[PDB]
Structure formats: C-alpha cells, structure tokens
file coords-v8.tsv (TSV, C-alpha atoms and all ligand atoms)
chain	number	residue	atom	x	y	z
A	447	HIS	CA	132.78	94.07	118.35
A	448	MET	CA	132.09	96.59	115.58
A	449	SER	CA	134.54	96.63	112.67
A	450	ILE	CA	135.91	100.10	111.96
A	451	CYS	CA	136.54	101.53	108.49
A	452	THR	CA	140.07	102.51	107.48
A	453	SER	CA	141.29	106.10	107.25
A	454	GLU	CA	141.73	105.77	103.47
A	455	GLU	CA	138.06	104.82	103.23
A	456	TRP	CA	136.41	107.68	105.10
A	457	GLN	CA	138.96	110.23	103.87
A	458	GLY	CA	138.22	109.17	100.30
A	459	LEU	CA	134.47	109.51	100.77
A	460	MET	CA	134.98	113.12	101.86
A	461	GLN	CA	136.34	113.90	98.40
A	462	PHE	CA	133.40	112.37	96.51
A	463	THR	CA	131.23	114.52	94.24
A	464	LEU	CA	128.09	113.13	92.61
A	465	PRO	CA	128.23	113.27	88.78
A	466	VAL	CA	125.90	115.92	87.36
A	467	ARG	CA	123.79	113.50	85.32
A	468	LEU	CA	122.93	111.58	88.50
A	469	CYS	CA	121.73	114.59	90.50
A	470	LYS	CA	118.61	114.56	88.34
A	471	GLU	CA	117.96	110.81	88.21
A	472	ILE	CA	118.45	110.36	91.96
A	473	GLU	CA	115.28	112.38	92.74
A	474	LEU	CA	112.98	109.87	91.05
A	475	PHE	CA	111.39	106.89	92.84
A	476	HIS	CA	112.36	104.33	90.18
A	477	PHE	CA	116.08	105.20	90.42
A	478	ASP	CA	118.27	102.06	90.57
A	479	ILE	CA	121.64	102.49	92.32
A	480	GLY	CA	122.70	99.17	90.75
A	481	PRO	CA	125.09	100.32	88.02
A	482	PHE	CA	126.94	102.75	90.32
A	483	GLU	CA	128.56	100.60	93.02
A	484	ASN	CA	131.66	102.71	93.67
A	485	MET	CA	129.28	105.65	94.22
A	486	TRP	CA	126.92	104.16	96.82
A	487	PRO	CA	128.63	105.69	99.89
A	488	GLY	CA	128.85	109.05	98.13
A	489	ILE	CA	125.24	108.83	97.00
A	490	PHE	CA	124.18	108.43	100.63
A	491	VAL	CA	126.23	111.47	101.71
A	492	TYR	CA	124.57	113.39	98.89
A	493	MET	CA	121.04	112.46	99.96
A	494	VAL	CA	121.72	113.40	103.57
A	495	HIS	CA	123.12	116.75	102.41
A	496	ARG	CA	120.22	117.59	100.10
A	497	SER	CA	117.58	116.53	102.60
A	498	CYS	CA	119.21	117.58	105.88
A	499	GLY	CA	121.75	120.23	104.91
A	500	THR	CA	125.46	120.62	104.27
A	501	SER	CA	126.32	121.32	107.89
A	502	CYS	CA	123.79	119.05	109.60
A	503	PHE	CA	126.55	116.56	110.43
A	504	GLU	CA	130.29	117.09	110.82
A	505	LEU	CA	131.52	115.70	107.50
A	506	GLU	CA	134.36	113.71	109.05
A	507	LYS	CA	132.07	111.84	111.47
A	508	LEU	CA	129.46	111.28	108.76
A	509	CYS	CA	132.02	109.72	106.40
A	510	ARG	CA	133.49	107.60	109.22
A	511	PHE	CA	129.98	106.48	110.15
A	512	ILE	CA	129.00	105.57	106.61
A	513	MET	CA	132.14	103.60	105.81
A	514	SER	CA	132.05	101.72	109.13
A	515	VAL	CA	128.37	100.88	108.51
A	516	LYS	CA	129.26	99.52	105.07
A	517	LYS	CA	132.03	97.46	106.65
A	518	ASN	CA	129.58	95.95	109.14
A	519	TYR	CA	127.19	94.60	106.52
A	520	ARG	CA	128.01	91.04	105.48
A	521	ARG	CA	128.58	89.43	102.12
A	522	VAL	CA	125.14	87.85	101.81
A	523	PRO	CA	123.07	87.71	98.60
A	524	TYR	CA	120.36	90.16	99.70
A	525	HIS	CA	120.48	91.79	103.15
A	526	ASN	CA	123.71	93.54	102.27
A	527	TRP	CA	125.23	97.00	101.79
A	528	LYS	CA	123.57	97.39	98.37
A	529	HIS	CA	120.14	96.80	99.91
A	530	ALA	CA	120.84	99.31	102.70
A	531	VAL	CA	121.56	102.14	100.23
A	532	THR	CA	118.59	101.14	98.04
A	533	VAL	CA	116.26	101.44	101.04
A	534	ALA	CA	117.85	104.73	102.10
A	535	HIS	CA	117.28	106.15	98.63
A	536	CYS	CA	113.60	105.22	98.59
A	537	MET	CA	113.23	107.01	101.93
A	538	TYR	CA	115.09	109.99	100.45
A	539	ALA	CA	112.60	110.16	97.56
A	540	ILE	CA	109.66	109.86	99.95
A	541	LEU	CA	111.00	112.60	102.22
A	542	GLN	CA	111.86	114.90	99.31
A	543	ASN	CA	108.30	114.59	98.01
A	544	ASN	CA	106.76	115.22	101.46
A	545	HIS	CA	109.49	117.46	102.83
A	546	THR	CA	107.61	119.69	105.27
A	547	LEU	CA	105.52	116.87	106.69
A	548	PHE	CA	108.56	115.62	108.57
A	549	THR	CA	110.79	117.44	111.04
A	550	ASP	CA	114.52	117.93	110.48
A	551	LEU	CA	115.07	115.42	113.26
A	552	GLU	CA	112.91	112.71	111.69
A	553	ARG	CA	114.51	113.14	108.27
A	554	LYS	CA	118.06	112.68	109.57
A	555	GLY	CA	116.83	109.91	111.85
A	556	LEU	CA	115.02	108.04	109.06
A	557	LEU	CA	117.82	108.25	106.48
A	558	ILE	CA	120.28	106.89	109.03
A	559	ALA	CA	117.80	104.20	110.14
A	560	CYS	CA	117.42	103.05	106.55
A	561	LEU	CA	121.18	102.81	106.06
A	562	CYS	CA	121.48	100.68	109.21
A	563	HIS	CA	118.19	98.73	109.14
A	564	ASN	CA	119.81	95.35	108.32
A	565	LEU	CA	123.20	96.03	109.89
A	566	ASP	CA	125.24	92.84	110.55
A	567	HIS	CA	122.57	90.62	109.01
A	568	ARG	CA	123.96	87.08	108.71
A	569	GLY	CA	121.56	85.71	106.11
A	570	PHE	CA	119.23	84.03	108.59
A	571	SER	CA	115.61	84.98	109.18
A	572	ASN	CA	113.93	85.35	112.56
A	573	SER	CA	112.16	82.08	111.75
A	574	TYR	CA	115.53	80.31	111.63
A	575	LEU	CA	117.04	81.91	114.75
A	576	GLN	CA	113.91	81.29	116.81
A	577	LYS	CA	113.46	77.72	115.56
A	578	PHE	CA	117.04	76.75	116.38
A	579	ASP	CA	117.08	78.61	119.70
A	580	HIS	CA	119.97	80.81	118.58
A	581	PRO	CA	121.27	83.13	121.34
A	582	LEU	CA	119.76	86.13	119.51
A	583	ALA	CA	116.27	84.65	119.85
A	584	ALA	CA	116.84	84.31	123.60
A	585	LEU	CA	118.03	87.91	123.89
A	586	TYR	CA	115.33	89.20	121.52
A	587	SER	CA	111.99	87.35	121.85
A	588	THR	CA	110.32	89.09	118.89
A	589	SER	CA	111.70	91.18	116.02
A	590	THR	CA	114.89	89.28	116.79
A	591	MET	CA	117.11	90.52	113.97
A	592	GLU	CA	115.61	94.01	114.00
A	593	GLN	CA	116.49	94.50	117.68
A	594	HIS	CA	119.99	93.30	116.85
A	595	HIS	CA	120.26	95.79	113.97
A	596	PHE	CA	119.40	98.69	116.28
A	597	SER	CA	121.87	97.55	118.92
A	598	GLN	CA	124.55	97.43	116.21
A	599	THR	CA	123.60	100.91	115.02
A	600	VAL	CA	124.12	102.45	118.46
A	601	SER	CA	127.35	100.49	118.86
A	602	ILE	CA	128.69	102.10	115.69
A	603	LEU	CA	127.54	105.53	116.91
A	604	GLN	CA	129.67	104.96	120.01
A	605	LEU	CA	132.89	104.27	118.08
A	606	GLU	CA	135.47	107.06	118.36
A	607	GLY	CA	134.67	109.88	115.96
A	608	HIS	CA	131.51	108.17	114.70
A	609	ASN	CA	128.76	109.89	116.69
A	610	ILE	CA	127.09	112.15	114.15
A	611	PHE	CA	124.22	112.93	116.57
A	612	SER	CA	126.34	114.17	119.51
A	613	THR	CA	125.80	117.84	118.70
A	614	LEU	CA	122.06	117.36	119.29
A	615	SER	CA	120.61	118.62	122.57
A	616	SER	CA	120.12	115.89	125.19
A	617	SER	CA	116.40	115.63	124.50
A	618	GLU	CA	116.73	115.61	120.71
A	619	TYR	CA	119.46	112.98	120.95
A	620	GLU	CA	117.10	110.70	122.88
A	621	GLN	CA	114.38	111.60	120.41
A	622	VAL	CA	116.44	110.63	117.37
A	623	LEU	CA	117.40	107.27	118.90
A	624	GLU	CA	113.74	106.51	119.55
A	625	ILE	CA	112.84	107.47	115.97
A	626	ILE	CA	115.60	105.17	114.74
A	627	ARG	CA	114.65	102.34	117.14
A	628	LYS	CA	110.99	102.37	116.13
A	629	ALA	CA	111.85	102.71	112.44
A	630	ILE	CA	114.21	99.73	112.43
A	631	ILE	CA	111.81	97.58	114.48
A	632	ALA	CA	109.09	98.51	111.99
A	633	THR	CA	111.06	96.60	109.34
A	634	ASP	CA	109.98	93.37	111.03
A	635	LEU	CA	107.40	92.44	108.40
A	636	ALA	CA	105.45	90.52	111.05
A	637	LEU	CA	104.42	93.88	112.51
A	638	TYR	CA	103.47	95.36	109.14
A	639	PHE	CA	100.14	93.54	108.81
A	640	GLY	CA	98.76	94.94	112.04
A	641	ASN	CA	100.25	98.39	111.37
A	642	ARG	CA	98.65	98.58	107.92
A	643	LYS	CA	95.23	97.47	109.14
A	644	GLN	CA	95.35	100.10	111.89
A	645	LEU	CA	96.37	102.88	109.48
A	646	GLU	CA	93.79	101.80	106.92
A	647	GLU	CA	91.10	101.98	109.61
A	648	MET	CA	92.39	105.37	110.81
A	649	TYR	CA	92.47	106.78	107.28
A	650	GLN	CA	89.01	105.57	106.29
A	651	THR	CA	87.24	106.69	109.47
A	652	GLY	CA	89.06	110.01	109.28
A	653	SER	CA	90.79	109.40	112.61
A	654	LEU	CA	94.28	109.64	111.11
A	655	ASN	CA	96.00	112.70	112.58
A	656	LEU	CA	99.65	113.42	111.68
A	657	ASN	CA	99.89	115.64	114.77
A	658	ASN	CA	99.11	112.56	116.90
A	659	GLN	CA	102.47	110.99	117.79
A	660	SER	CA	100.98	107.50	118.02
A	661	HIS	CA	99.66	108.08	114.50
A	662	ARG	CA	102.99	109.54	113.33
A	663	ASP	CA	104.86	106.46	114.47
A	664	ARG	CA	102.56	104.19	112.45
A	665	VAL	CA	102.94	106.30	109.30
A	666	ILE	CA	106.70	106.20	109.69
A	667	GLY	CA	106.59	102.45	110.25
A	668	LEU	CA	104.69	102.01	106.98
A	669	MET	CA	107.16	104.28	105.18
A	670	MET	CA	109.86	101.91	106.46
A	671	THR	CA	108.05	98.88	105.06
A	672	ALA	CA	107.60	100.71	101.74
A	673	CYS	CA	111.33	101.46	101.48
A	674	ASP	CA	112.38	97.95	102.61
A	675	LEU	CA	110.26	96.40	99.83
A	676	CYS	CA	111.06	99.04	97.19
A	677	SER	CA	112.63	96.56	94.75
A	678	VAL	CA	109.06	95.78	93.64
A	679	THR	CA	108.78	99.43	92.52
A	680	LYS	CA	111.77	99.46	90.13
A	681	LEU	CA	111.63	98.83	86.38
A	682	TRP	CA	110.79	95.16	85.75
A	683	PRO	CA	114.30	94.05	84.74
A	684	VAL	CA	115.68	95.49	87.99
A	685	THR	CA	112.88	93.98	90.07
A	686	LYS	CA	113.58	90.56	88.55
A	687	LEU	CA	117.36	90.68	89.22
A	688	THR	CA	116.73	91.63	92.84
A	689	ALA	CA	114.20	88.82	93.22
A	690	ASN	CA	117.00	86.45	92.15
A	691	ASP	CA	119.13	87.72	95.08
A	692	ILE	CA	116.27	87.49	97.56
A	693	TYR	CA	115.82	83.84	96.63
A	694	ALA	CA	119.54	83.08	96.58
A	695	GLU	CA	119.64	84.03	100.28
A	696	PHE	CA	116.44	82.18	101.13
A	697	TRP	CA	117.58	78.99	99.41
A	698	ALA	CA	120.88	79.16	101.29
A	699	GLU	CA	118.90	79.26	104.52
A	700	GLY	CA	116.87	76.32	103.22
A	701	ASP	CA	120.04	74.30	102.61
A	702	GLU	CA	121.15	74.84	106.21
A	703	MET	CA	117.83	73.68	107.60
A	704	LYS	CA	118.11	70.52	105.53
A	705	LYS	CA	121.59	69.81	106.91
A	706	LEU	CA	120.00	69.96	110.37
A	707	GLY	CA	117.09	67.62	109.69
A	708	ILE	CA	114.42	70.28	109.23
A	709	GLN	CA	112.69	70.69	105.87
A	710	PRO	CA	112.29	74.37	104.85
A	711	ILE	CA	109.15	76.04	103.51
A	712	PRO	CA	108.71	75.95	99.70
A	713	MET	CA	109.97	79.52	99.38
A	714	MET	CA	113.32	78.57	100.93
A	715	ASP	CA	113.58	75.29	99.00
A	716	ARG	CA	115.79	75.65	95.90
A	717	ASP	CA	114.25	72.42	94.58
A	718	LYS	CA	110.96	74.28	94.18
A	719	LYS	CA	112.01	77.18	91.96
A	720	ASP	CA	108.99	76.52	89.75
A	721	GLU	CA	106.76	78.00	92.46
A	722	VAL	CA	108.55	81.36	92.59
A	723	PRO	CA	106.22	83.19	90.14
A	724	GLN	CA	103.16	82.14	92.11
A	725	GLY	CA	104.96	82.92	95.35
A	726	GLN	CA	105.72	86.45	94.22
A	727	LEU	CA	102.12	86.91	93.05
A	728	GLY	CA	101.01	85.97	96.54
A	729	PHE	CA	103.50	88.38	98.10
A	730	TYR	CA	102.35	91.34	95.99
A	731	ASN	CA	98.67	90.69	96.68
A	732	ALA	CA	99.10	90.02	100.39
A	733	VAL	CA	101.85	92.51	101.15
A	734	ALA	CA	103.23	94.89	98.52
A	735	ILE	CA	100.05	96.16	96.89
A	736	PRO	CA	98.20	96.80	100.18
A	737	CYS	CA	101.31	98.55	101.52
A	738	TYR	CA	101.79	101.01	98.65
A	739	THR	CA	98.03	101.50	98.39
A	740	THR	CA	97.72	102.70	102.00
A	741	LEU	CA	100.96	104.71	101.76
A	742	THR	CA	99.70	106.56	98.66
A	743	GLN	CA	96.40	107.37	100.41
A	744	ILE	CA	98.26	108.95	103.32
A	745	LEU	CA	101.10	110.51	101.26
A	746	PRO	CA	99.72	111.19	97.74
A	747	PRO	CA	103.13	112.14	96.33
A	748	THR	CA	104.30	108.50	96.72
A	749	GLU	CA	101.78	107.47	94.06
A	750	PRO	CA	104.55	106.38	91.62
A	751	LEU	CA	105.58	103.53	93.94
A	752	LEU	CA	102.09	102.04	93.78
A	753	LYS	CA	101.92	102.40	90.00
A	754	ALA	CA	105.28	100.64	89.62
A	755	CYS	CA	104.32	97.87	92.05
A	756	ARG	CA	101.12	97.26	90.09
A	757	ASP	CA	103.08	97.09	86.82
A	758	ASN	CA	105.40	94.46	88.30
A	759	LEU	CA	102.44	92.46	89.59
A	760	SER	CA	101.27	92.41	85.98
A	761	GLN	CA	104.70	91.15	84.86
A	762	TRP	CA	104.58	88.27	87.33
A	763	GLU	CA	101.13	87.29	86.00
A	764	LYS	CA	102.60	87.42	82.50
A	765	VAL	CA	105.37	85.09	83.68
A	766	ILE	CA	102.75	82.72	85.07
A	767	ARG	CA	100.84	82.79	81.76
A	768	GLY	CA	103.97	81.58	80.01
A	769	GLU	CA	105.05	84.84	78.40
A	770	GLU	CA	108.38	85.34	80.18
A	771	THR	CA	111.51	86.55	78.37
A	772	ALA	CA	115.15	87.69	78.64
A	773	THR	CA	116.93	85.41	81.12
A	774	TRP	CA	120.29	86.93	82.07
A	775	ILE	CA	121.87	86.39	85.48
A	776	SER	CA	125.40	87.21	86.68
A	801	LIG	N1	110.12	90.18	96.24
A	801	LIG	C1	110.29	90.38	97.55
A	801	LIG	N2	110.92	91.50	97.96
A	801	LIG	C2	111.09	91.70	99.27
A	801	LIG	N3	110.71	90.95	100.29
A	801	LIG	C3	110.09	89.84	99.85
A	801	LIG	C4	109.85	89.49	98.54
A	801	LIG	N4	109.18	88.27	98.47
A	801	LIG	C5	109.02	87.93	99.72
A	801	LIG	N5	109.54	88.84	100.62
A	801	LIG	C6	109.49	88.79	102.08
A	801	LIG	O1	109.31	90.11	102.58
A	801	LIG	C7	110.27	90.34	103.63
A	801	LIG	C8	110.71	91.77	103.76
A	801	LIG	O2	111.69	91.86	104.83
A	801	LIG	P1	112.86	90.77	104.98
A	801	LIG	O3	113.97	91.17	104.09
A	801	LIG	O4	113.12	90.57	106.43
A	801	LIG	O5	112.24	89.40	104.39
A	801	LIG	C9	111.44	89.47	103.23
A	801	LIG	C10	110.73	88.20	102.77
A	801	LIG	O6	110.33	87.39	103.85
A	802	MG	MG	115.41	93.11	107.90
A	803	ZN	ZN	115.83	95.40	104.54
call {"tool": "encode", "arguments": {"input": "coords-v8.tsv", "output": "structure tokens", "more": "lines below"}}
Ligand SMILES: Nc1ncnc2c1ncn2[C@@H]1O[C@@H]2COP(=O)(O)O[C@H]2[C@H]1O
Ligand SMILES: [Mg+2]
Ligand SMILES: [Zn+2]
result
Amino acid sequence: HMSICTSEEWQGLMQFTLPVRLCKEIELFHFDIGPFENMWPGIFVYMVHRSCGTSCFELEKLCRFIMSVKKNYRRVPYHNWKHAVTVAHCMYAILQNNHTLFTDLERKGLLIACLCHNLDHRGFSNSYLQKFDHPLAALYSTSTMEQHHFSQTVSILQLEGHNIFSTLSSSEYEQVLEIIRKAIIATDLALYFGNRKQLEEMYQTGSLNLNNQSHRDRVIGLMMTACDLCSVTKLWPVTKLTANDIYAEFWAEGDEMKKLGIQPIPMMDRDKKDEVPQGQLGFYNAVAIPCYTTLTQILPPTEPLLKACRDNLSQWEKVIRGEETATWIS
C-alpha cells in the first residue's frame, strides 16, 4: 500500500526553520530549489504557512503528510520528489501574487495538489501504459497516471495521523478533494490544449468570469499546467539541467519499448539526441509559450513566467544556430 515515513523524519521536519536569506528569494518566480535538497520538505512547510497560515494545519499531521508523500515518490530521473516541490513552489509564487483571487480552501488545496501531482510515478507515460495494456490503463481509460496520482493522494490522507483536512467541515472537505482531483487531472497535458483554447476564447470575447465556477476550474487547470512546466521559466542553466533529466526518463522509457519490439518516438529514442534542440523549440511554440501567454492575460502578475519562457526559447534557437556553450552534467 502506501509507504509511511519514519518518526525521525516527520519529527525532524517539525524543527526546521528556513534560513533568512531564502525567505526573500523564495518569493520570486525564477527561484530554483535545486541547491537546497535537505531543505525541500521544510520549504514546502514554509510556503503552506506563509500562504495558508501557521495554524491552518496541525503541524504534526502536516509533517507526517509531507514526509510520507516524499517517501511515496520514486527514484526516477524527472517525475520525482524534486519535481513535486518545484511545482508546488511555482504555485506558491502564483498564489502569493494573486492572493485574494483565490479562497483559503483553494490555496491549501492547490499547494497540496502540486506536492502530490505525480505521486508514485513509475517513469512510464500514459502512452506506454495504454499501449501495453497495463492494468492502470484498464482501471483509468484516460488521464491514466493522473487518476492514479489522485488515488494515491487520498490513500496517504487516510493513513493514521496524516489527514490534514479532517478539521474541515463536511462540505469543505468534499470541496477540497474536488479541487485537488480536478487540479491533478489537469496535469494531463492532453487536456491542456482544449483547456487553453477555451480560456483564450473566453478571455478574448470577454466571457471569462472568475465568479463562474466552470470558468474558475479552467483557470486553475491552466495554473496547474503552468506550474508543471515551470522548468522552462528558470534561468537558462537551470532549464537546461532539468531538460537533461526529462530526457533521461524519456530515453529510459524508449529503451523498454525497444526490448519489447516496439520502436519509440524520436523524443524517447536516446539514439536521436541530435533532435532535442528542435524538439524543445517545437514544445515551447506549441505548448509553453501559448500556456504562459494565456496565463499572463488572465493573471497579469504572472508576467515574469512568460518573459522567462520567451528567453529560454531564444536560448534553444541559439543552440540550434550553433552557439551553444558550457556543457556540465552530473
Ligand atoms: N522541457 C520540457 N519540460 C516539461 N515537459 C516537457 C518538456 N518537453 C516536453 N515535455 C512534455 O510535456 C509534458 C508535461 O507533463 P509530463 O511530465 O506528463 O510529460 C511532459 C512531456 O511529455
Ligand atoms: Mg504527470
Ligand atoms: Zn509534474
């Protein structure tokens, strides 16, 4: 079932205090949690506290929840614990910069959803699971892994002393689970294209209405896409190192397909590394840029994410022109 953290782990987290220098840097969109590994769990506690309040969650349960969540992420190159905290931080920055647009319930729901959005990911895409008729694909027809992630999230909430949302009234509890369910399902990039087109149409015609729940859900879904893809909004060196991880996981999937007599797409073929630059260019133009463009239109304060994404697009074009540099990989 769900692995549970040790007492030394959650008890230790309770004693964590974010270093003063970081309190400032953590508020900016470009912040990279990368050089602070031992602090990731504590950084998440900190964001929840600043955004939701010191007493929003019983500290003990929060720390147990966080450490058990960390324990249930796998040792894969990309969809791991590091990614979870990175996505949660982007959400934190978005919420901080648009604080009163979102209810207390949605903020706590969204930060938790981001921390658990890829829970128990095994390193295999929906394409893989569905093409090899894996049990998960049978259980979950569409958004296969995303539905699994949500199921895992609730499972962890049900562990003894892990339910941070239990003090919520019966209706708010149901509400927060729905916010979390929709948010995590929104990370299925397949759904992003339609969501973005709908929001773009709503925004341009003037139909967009944040008081309209159906509209709210779409905005939140886009925010989720924005946070999931946030590596393209970090300083170039950071963006490049993360791209290496993204491909390490995709190539591993490609190697498995080969072993089973199925050739993988170029992107998952480690024998086609030369096409990465062009592949990323395609991704920014078809996905990232449109995403941050629409998000900025709806939530002006998120403007920095679009500016950063555009700067990285420019770096990939520079790579393609034959003006690359500094090649360091751990
Ligand atoms: N540089 C990139 N960063 C993030 N996602 C990427 C990138 N390039 C391609 N993608 C795709 O975008 C998807 C985002 O969600 P996933 O992690 O499920 O899978 C990712 C890949 O299929
Ligand atoms: Mg995912
Ligand atoms: Zn993710």
call {"tool": "closest_residue", "arguments": {"input": "coords-v8.tsv", "among": "A:712, A:487, A:768, A:725", "to": "ligand LIG 801 (chain A)", "atoms": "all atoms listed in the file"}}
result
A:725
call {"tool": "residues_around", "arguments": {"input": "coords-v8.tsv", "residues": "residue 742 (chain A)", "least_positions_apart": "4", "cutoff": "12 Å", "atoms": "only C-alpha atoms", "output": "list in words"}}
result
residues 540, 543, 544, 645, 646, 649, 665, 668, 669, 672, 735, 736, 737, 738, 746, 747, 748, 749, 750, 751, 752, 753 and 755 of chain A
call {"tool": "residues_near_ligand", "arguments": {"input": "coords-v8.tsv", "ligand": "ligand ZN 803 (chain A)", "cutoff": "10 Å", "atoms": "only C-alpha atoms and all ligand atoms", "output": "JSON, numbers by chain"}}
result
{"A": [524, 525, 526, 527, 529, 530, 531, 532, 533, 534, 560, 561, 562, 563, 564, 565, 567, 592, 630, 633, 634, 635, 670, 671, 673, 674, 675, 676]}
call {"tool": "closest_residue", "arguments": {"input": "coords-v8.tsv", "among": "A:694, A:699, A:677, A:769", "to": "ligand LIG 801 (chain A)", "atoms": "all atoms listed in the file"}}
result
A:677
call {"tool": "residues_near_point", "arguments": {"input": "coords-v8.tsv", "point": "(128.9, 106.4, 91.5)", "cutoff": "12 Å", "atoms": "only C-alpha atoms", "output": "ChimeraX atom specification"}}
result
/A:459,462-469,472,478-492
call {"tool": "closest_residue", "arguments": {"input": "coords-v8.tsv", "among": "A:731, A:598, A:688, A:542", "to": "ligand LIG 801 (chain A)", "atoms": "all atoms listed in the file"}}
result
A:688
call {"tool": "atom_distance", "arguments": {"input": "coords-v8.tsv", "atom1": "CA of residue 551 (chain A)", "atom2": "CA of residue 622 (chain A)"}}
result
6.5 Å
call {"tool": "residues_around", "arguments": {"input": "coords-v8.tsv", "residues": "residue 626 (chain A)", "least_positions_apart": "5", "cutoff": "12 Å", "atoms": "all atoms listed in the file", "output": "compact mmCIF listing (two decimals) with C-alpha atoms, in the coordinates of the input"}}
result
# COMPACT_ATOMS: atom_id res chain seq x y z
CA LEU A 551 115.07 115.42 113.26
CA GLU A 552 112.91 112.71 111.69
CA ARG A 553 114.51 113.14 108.27
CA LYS A 554 118.06 112.68 109.57
CA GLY A 555 116.83 109.91 111.85
CA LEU A 556 115.02 108.04 109.06
CA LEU A 557 117.82 108.25 106.48
CA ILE A 558 120.28 106.89 109.03
CA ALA A 559 117.80 104.20 110.14
CA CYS A 560 117.42 103.05 106.55
CA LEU A 561 121.18 102.81 106.06
CA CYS A 562 121.48 100.68 109.21
CA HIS A 563 118.19 98.73 109.14
CA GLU A 592 115.61 94.01 114.00
CA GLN A 593 116.49 94.50 117.68
CA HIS A 595 120.26 95.79 113.97
CA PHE A 596 119.40 98.69 116.28
CA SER A 597 121.87 97.55 118.92
CA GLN A 598 124.55 97.43 116.21
CA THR A 599 123.60 100.91 115.02
CA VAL A 600 124.12 102.45 118.46
CA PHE A 611 124.22 112.93 116.57
CA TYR A 619 119.46 112.98 120.95
CA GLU A 620 117.10 110.70 122.88
CA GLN A 621 114.38 111.60 120.41
CA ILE A 631 111.81 97.58 114.48
CA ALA A 632 109.09 98.51 111.99
CA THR A 633 111.06 96.60 109.34
CA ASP A 663 104.86 106.46 114.47
CA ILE A 666 106.70 106.20 109.69
CA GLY A 667 106.59 102.45 110.25
CA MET A 670 109.86 101.91 106.46
call {"tool": "atom_distance", "arguments": {"input": "coords-v8.tsv", "atom1": "CA of residue 762 (chain A)", "atom2": "CA of residue 728 (chain A)"}}
result
10.1 Å
call {"tool": "closest_residue", "arguments": {"input": "coords-v8.tsv", "among": "A:723, A:640, A:652, A:710", "to": "ligand LIG 801 (chain A)", "atoms": "all atoms listed in the file"}}
result
A:723
call {"tool": "atom_distance", "arguments": {"input": "coords-v8.tsv", "atom1": "CA of residue 498 (chain A)", "atom2": "CA of residue 550 (chain A)"}}
result
6.6 Å
call {"tool": "closest_residue", "arguments": {"input": "coords-v8.tsv", "among": "A:602, A:744, A:754, A:681", "to": "residue 514 (chain A)", "atoms": "all atoms listed in the file"}}
result
A:602
call {"tool": "residues_around", "arguments": {"input": "coords-v8.tsv", "residues": "region 568-584 of chain A", "least_positions_apart": "2", "cutoff": "8 Å", "atoms": "only C-alpha atoms", "output": "VMD selection string"}}
result
chain A and resid 520 522 to 525 566 586 to 591 594 695 to 696 699
call {"tool": "residues_around", "arguments": {"input": "coords-v8.tsv", "residues": "residue 657 (chain A)", "least_positions_apart": "4", "cutoff": "10 Å", "atoms": "all atoms listed in the file", "output": "number ranges by chain"}}
result
A: 547, 661-662
call {"tool": "closest_residue", "arguments": {"input": "coords-v8.tsv", "among": "A:691, A:455, A:717, A:471", "to": "ligand LIG 801 (chain A)", "atoms": "all atoms listed in the file"}}
result
A:691
call {"tool": "residues_around", "arguments": {"input": "coords-v8.tsv", "residues": "residue 766 (chain A)", "least_positions_apart": "2", "cutoff": "10 Å", "atoms": "only C-alpha atoms", "output": "ChimeraX atom specification"}}
result
/A:720-724,727,760-764,768-770
call {"tool": "write_last_selection", "arguments": {"input": "coords-v8.tsv", "atoms": "C-alpha atoms", "output": "mmCIF file, keeping the file's coordinate frame"}}
result
data_model
loop_
_atom_site.group_PDB
_atom_site.id
_atom_site.type_symbol
_atom_site.label_atom_id
_atom_site.label_comp_id
_atom_site.auth_asym_id
_atom_site.auth_seq_id
_atom_site.Cartn_x
_atom_site.Cartn_y
_atom_site.Cartn_z
ATOM 1 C CA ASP A 720 108.990 76.520 89.750
ATOM 2 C CA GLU A 721 106.760 78.000 92.460
ATOM 3 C CA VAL A 722 108.550 81.360 92.590
ATOM 4 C CA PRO A 723 106.220 83.190 90.140
ATOM 5 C CA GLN A 724 103.160 82.140 92.110
ATOM 6 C CA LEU A 727 102.120 86.910 93.050
ATOM 7 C CA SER A 760 101.270 92.410 85.980
ATOM 8 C CA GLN A 761 104.700 91.150 84.860
ATOM 9 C CA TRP A 762 104.580 88.270 87.330
ATOM 10 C CA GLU A 763 101.130 87.290 86.000
ATOM 11 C CA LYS A 764 102.600 87.420 82.500
ATOM 12 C CA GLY A 768 103.970 81.580 80.010
ATOM 13 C CA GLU A 769 105.050 84.840 78.400
ATOM 14 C CA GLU A 770 108.380 85.340 80.180
#
call {"tool": "build_atoms", "arguments": {"input": "coords-v8.tsv", "residues": "region 681-692 of chain A", "atoms": "N, CA and C atoms", "output": "CSV table (one decimal), in the coordinates of the input"}}
result
chain,number,residue,atom,x,y,z
A,681,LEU,N,112.0,99.3,87.7
A,681,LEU,CA,111.6,98.8,86.4
A,681,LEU,C,111.7,97.3,86.5
A,682,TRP,N,110.8,96.6,85.7
A,682,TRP,CA,110.8,95.2,85.8
A,682,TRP,C,112.1,94.4,85.7
A,683,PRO,N,113.0,94.8,84.8
A,683,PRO,CA,114.3,94.0,84.7
A,683,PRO,C,115.1,94.1,86.1
A,684,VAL,N,115.0,95.3,86.7
A,684,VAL,CA,115.7,95.5,88.0
A,684,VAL,C,115.0,94.7,89.1
A,685,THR,N,113.7,94.7,89.1
A,685,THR,CA,112.9,94.0,90.1
A,685,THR,C,113.2,92.5,90.0
A,686,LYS,N,113.3,92.0,88.8
A,686,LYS,CA,113.6,90.6,88.6
A,686,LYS,C,115.0,90.2,89.0
A,687,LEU,N,116.0,91.0,88.8
A,687,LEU,CA,117.4,90.7,89.2
A,687,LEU,C,117.4,90.7,90.7
A,688,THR,N,116.7,91.6,91.4
A,688,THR,CA,116.7,91.6,92.8
A,688,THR,C,116.0,90.4,93.4
A,689,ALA,N,114.9,90.0,92.8
A,689,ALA,CA,114.2,88.8,93.2
A,689,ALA,C,115.2,87.6,93.2
A,690,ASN,N,116.0,87.5,92.2
A,690,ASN,CA,117.0,86.4,92.2
A,690,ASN,C,117.9,86.4,93.4
A,691,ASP,N,118.3,87.6,93.9
A,691,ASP,CA,119.1,87.7,95.1
A,691,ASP,C,118.4,87.3,96.3
A,692,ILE,N,117.1,87.8,96.4
A,692,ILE,CA,116.3,87.5,97.6
A,692,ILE,C,116.2,86.0,97.7
